[PDB]
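Peer 1: target-v8.cif (mmCIF, N, CA, C and O atoms) pasted underneath:
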```
data_input
loop_
_atom_site.label_atom_id
_atom_site.label_comp_id
_atom_site.auth_asym_id
_atom_site.auth_seq_id
_atom_site.Cartn_x
_atom_site.Cartn_y
_atom_site.Cartn_z
N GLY A 1 -128.75 -67.31 22.87
CA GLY A 1 -128.83 -67.68 21.43
C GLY A 1 -127.76 -68.68 21.04
O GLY A 1 -126.60 -68.31 20.82
N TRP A 2 -128.16 -69.95 20.94
CA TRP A 2 -127.24 -71.04 20.57
C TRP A 2 -127.33 -71.34 19.07
O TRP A 2 -128.35 -71.05 18.43
N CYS A 3 -126.26 -71.93 18.53
CA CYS A 3 -126.20 -72.29 17.11
C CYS A 3 -125.83 -73.77 16.95
O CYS A 3 -125.19 -74.35 17.83
N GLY A 4 -126.24 -74.36 15.82
CA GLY A 4 -125.95 -75.76 15.54
C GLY A 4 -124.60 -75.96 14.86
O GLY A 4 -124.30 -75.30 13.86
N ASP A 5 -123.79 -76.87 15.42
CA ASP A 5 -122.46 -77.17 14.90
C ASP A 5 -122.52 -78.28 13.84
O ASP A 5 -123.45 -79.10 13.86
N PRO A 6 -121.53 -78.34 12.88
CA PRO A 6 -121.50 -79.38 11.82
C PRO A 6 -121.54 -80.81 12.38
O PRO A 6 -120.80 -81.15 13.30
N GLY A 7 -122.42 -81.63 11.79
CA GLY A 7 -122.57 -83.01 12.23
C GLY A 7 -123.93 -83.27 12.87
O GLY A 7 -124.23 -84.41 13.25
N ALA A 8 -124.75 -82.21 12.98
CA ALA A 8 -126.08 -82.31 13.57
C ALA A 8 -127.15 -82.49 12.49
O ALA A 8 -126.96 -82.07 11.35
N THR A 9 -128.27 -83.13 12.87
CA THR A 9 -129.38 -83.39 11.94
C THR A 9 -130.27 -82.15 11.77
O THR A 9 -130.81 -81.62 12.75
N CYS A 10 -130.41 -81.70 10.52
CA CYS A 10 -131.23 -80.53 10.19
C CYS A 10 -132.48 -80.93 9.42
O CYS A 10 -132.40 -81.72 8.47
N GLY A 11 -133.63 -80.39 9.84
CA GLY A 11 -134.89 -80.70 9.19
C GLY A 11 -136.03 -80.85 10.18
O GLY A 11 -136.92 -79.99 10.25
N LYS A 12 -136.01 -81.95 10.94
CA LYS A 12 -137.05 -82.23 11.94
C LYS A 12 -136.62 -81.80 13.35
O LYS A 12 -137.46 -81.70 14.25
N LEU A 13 -135.32 -81.54 13.52
CA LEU A 13 -134.77 -81.12 14.81
C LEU A 13 -134.71 -79.59 14.91
O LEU A 13 -134.82 -78.88 13.90
N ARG A 14 -134.52 -79.09 16.14
CA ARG A 14 -134.44 -77.64 16.42
C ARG A 14 -133.06 -77.07 16.05
O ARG A 14 -132.21 -77.80 15.52
N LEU A 15 -132.85 -75.76 16.33
CA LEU A 15 -131.59 -75.04 16.05
C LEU A 15 -131.36 -74.84 14.55
O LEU A 15 -131.72 -75.70 13.73
N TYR A 16 -130.77 -73.70 14.20
CA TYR A 16 -130.48 -73.34 12.81
C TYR A 16 -128.98 -73.41 12.52
O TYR A 16 -128.17 -73.53 13.45
N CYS A 17 -128.62 -73.34 11.23
CA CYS A 17 -127.22 -73.39 10.79
C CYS A 17 -126.54 -72.03 10.91
O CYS A 17 -127.14 -71.00 10.58
N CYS A 18 -125.28 -72.03 11.38
CA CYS A 18 -124.48 -70.81 11.55
C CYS A 18 -124.18 -70.12 10.21
O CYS A 18 -124.12 -68.89 10.14
N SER A 19 -123.99 -70.94 9.17
CA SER A 19 -123.69 -70.43 7.82
C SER A 19 -124.98 -70.27 7.00
O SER A 19 -125.04 -69.42 6.10
N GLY A 20 -125.99 -71.09 7.32
CA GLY A 20 -127.27 -71.03 6.62
C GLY A 20 -127.39 -72.04 5.50
O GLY A 20 -127.96 -71.74 4.45
N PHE A 21 -126.84 -73.25 5.72
CA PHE A 21 -126.89 -74.32 4.72
C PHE A 21 -127.15 -75.69 5.37
O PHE A 21 -126.33 -76.19 6.15
N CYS A 22 -128.31 -76.26 5.04
CA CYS A 22 -128.70 -77.58 5.55
C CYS A 22 -128.79 -78.57 4.39
O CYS A 22 -129.57 -78.36 3.45
N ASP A 23 -127.99 -79.64 4.46
CA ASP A 23 -127.97 -80.67 3.42
C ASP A 23 -129.13 -81.65 3.59
O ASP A 23 -129.28 -82.29 4.65
N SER A 24 -129.95 -81.76 2.54
CA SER A 24 -131.13 -82.64 2.53
C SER A 24 -130.78 -84.06 2.06
O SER A 24 -131.61 -84.97 2.14
N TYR A 25 -129.54 -84.25 1.57
CA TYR A 25 -129.07 -85.55 1.09
C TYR A 25 -128.74 -86.49 2.26
O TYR A 25 -128.68 -87.71 2.09
N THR A 26 -128.51 -85.89 3.44
CA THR A 26 -128.19 -86.64 4.65
C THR A 26 -128.93 -86.06 5.87
O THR A 26 -128.81 -86.59 6.98
N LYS A 27 -129.70 -84.98 5.64
CA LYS A 27 -130.48 -84.29 6.70
C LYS A 27 -129.58 -83.79 7.84
O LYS A 27 -129.83 -84.05 9.03
N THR A 28 -128.53 -83.05 7.46
CA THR A 28 -127.56 -82.52 8.42
C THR A 28 -127.13 -81.10 8.05
O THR A 28 -127.30 -80.67 6.91
N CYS A 29 -126.55 -80.39 9.03
CA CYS A 29 -126.08 -79.02 8.84
C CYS A 29 -124.65 -79.01 8.28
O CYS A 29 -123.75 -79.63 8.84
N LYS A 30 -124.47 -78.30 7.16
CA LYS A 30 -123.16 -78.21 6.50
C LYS A 30 -122.83 -76.76 6.13
O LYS A 30 -123.72 -75.91 6.03
N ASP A 31 -121.53 -76.49 5.95
CA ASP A 31 -121.04 -75.16 5.58
C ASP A 31 -121.01 -74.99 4.07
O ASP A 31 -120.69 -75.94 3.34
N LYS A 32 -121.35 -73.78 3.60
CA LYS A 32 -121.36 -73.48 2.16
C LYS A 32 -120.03 -72.88 1.71
O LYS A 32 -119.38 -72.16 2.48
N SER A 33 -119.64 -73.18 0.47
CA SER A 33 -118.39 -72.68 -0.10
C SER A 33 -118.65 -71.49 -1.01
O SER A 33 -119.67 -71.43 -1.70
N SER A 34 -117.71 -70.53 -1.00
CA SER A 34 -117.81 -69.33 -1.82
C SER A 34 -116.95 -69.44 -3.07
O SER A 34 -115.80 -69.89 -3.01
N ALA A 35 -117.51 -69.03 -4.21
CA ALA A 35 -116.81 -69.08 -5.50
C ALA A 35 -116.26 -67.70 -5.87
O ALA A 35 -115.03 -67.58 -6.02
#
```
Go ahead and express the file in the form of C-alpha cells.

Peer 2:
Amino acid sequence: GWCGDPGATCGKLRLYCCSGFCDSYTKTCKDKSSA
C-alpha cells in the first residue's frame, strides 16, 4: 500500500492523498490545515 507525496498530480493519475486533500487549482496533492 503506497501513498502519494506532495508535488504529485491528482485527478487523472493513480494513487490517493495521505491527508485526503487534492487541489483542483493546479491538479496536485496538498495537505489540509486544521483550525

Peer 1: Take the point (-129.0, -72.1, 14.8) in the file's coordinates, draw a sphere of radius 9 Å around it, and report as an NGL selection string every protein, DNA or RNA residue with an atom inside or on it, counting only C-alpha atoms.

Peer 2: :A and (1-5 or 14-20)

Peer 1: DSSP says strand (DSSP E or B) for which residues of chain A? Put them as JSON, numbers by chain?

Peer 2: {"A": [4, 9, 17, 22, 23, 28, 29]}

Peer 1: Create the file for the chosen residues now, containing N, CA, C and O atoms and written as a compact mmCIF listing (two decimals), in the coordinates of the input.

Peer 2:
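As a result, out-v3.txt now contains:
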```txt
# COMPACT_ATOMS: atom_id res chain seq x y z
N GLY A 4 -126.24 -74.36 15.82
CA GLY A 4 -125.95 -75.76 15.54
C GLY A 4 -124.60 -75.96 14.86
O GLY A 4 -124.30 -75.30 13.86
N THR A 9 -128.27 -83.13 12.87
CA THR A 9 -129.38 -83.39 11.94
C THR A 9 -130.27 -82.15 11.77
O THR A 9 -130.81 -81.62 12.75
N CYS A 17 -128.62 -73.34 11.23
CA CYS A 17 -127.22 -73.39 10.79
C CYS A 17 -126.54 -72.03 10.91
O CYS A 17 -127.14 -71.00 10.58
N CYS A 22 -128.31 -76.26 5.04
CA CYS A 22 -128.70 -77.58 5.55
C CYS A 22 -128.79 -78.57 4.39
O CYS A 22 -129.57 -78.36 3.45
N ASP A 23 -127.99 -79.64 4.46
CA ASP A 23 -127.97 -80.67 3.42
C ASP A 23 -129.13 -81.65 3.59
O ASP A 23 -129.28 -82.29 4.65
N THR A 28 -128.53 -83.05 7.46
CA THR A 28 -127.56 -82.52 8.42
C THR A 28 -127.13 -81.10 8.05
O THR A 28 -127.30 -80.67 6.91
N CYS A 29 -126.55 -80.39 9.03
CA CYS A 29 -126.08 -79.02 8.84
C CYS A 29 -124.65 -79.01 8.28
O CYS A 29 -123.75 -79.63 8.84
```

Peer 1: Need the axis-aligned box for region 18-34 of chain A with 5 Å each side, so what are the centre and edges in Å to one decimal, as JSON?

Peer 2:
```
{"center_x": -123.7, "center_y": -78.3, "center_z": 4.2, "size_x": 25.8, "size_y": 28.8, "size_z": 24.6}
```

Peer 1: Provide the atom N of residue 35 (chain A) to atom C of residue 10 (chain A) distance in Å, to one decimal place.

Peer 2: 23.5 Å

Peer 1: Under the PyMOL selection byres ((chain A and resi 7) around 6), which residues of this model are included? Write them out as an MDAnalysis selection string.

Peer 2: chainID A and resid 5:6 8:9 28:29

Peer 1: What's the separation between atom N of residue 11 (chain A) and atom N of residue 32 (chain A), in Å to one decimal place?

Peer 2: 15.3 Å

Peer 1: Calculate how many Å separate atom O of residue 13 (chain A) from atom N of residue 30 (chain A), rounding to one decimal.

Peer 2: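 Taking atom O of residue 13 (chain A) as the start and atom N of residue 30 (chain A) as the end point, the length is 12.4 Å.
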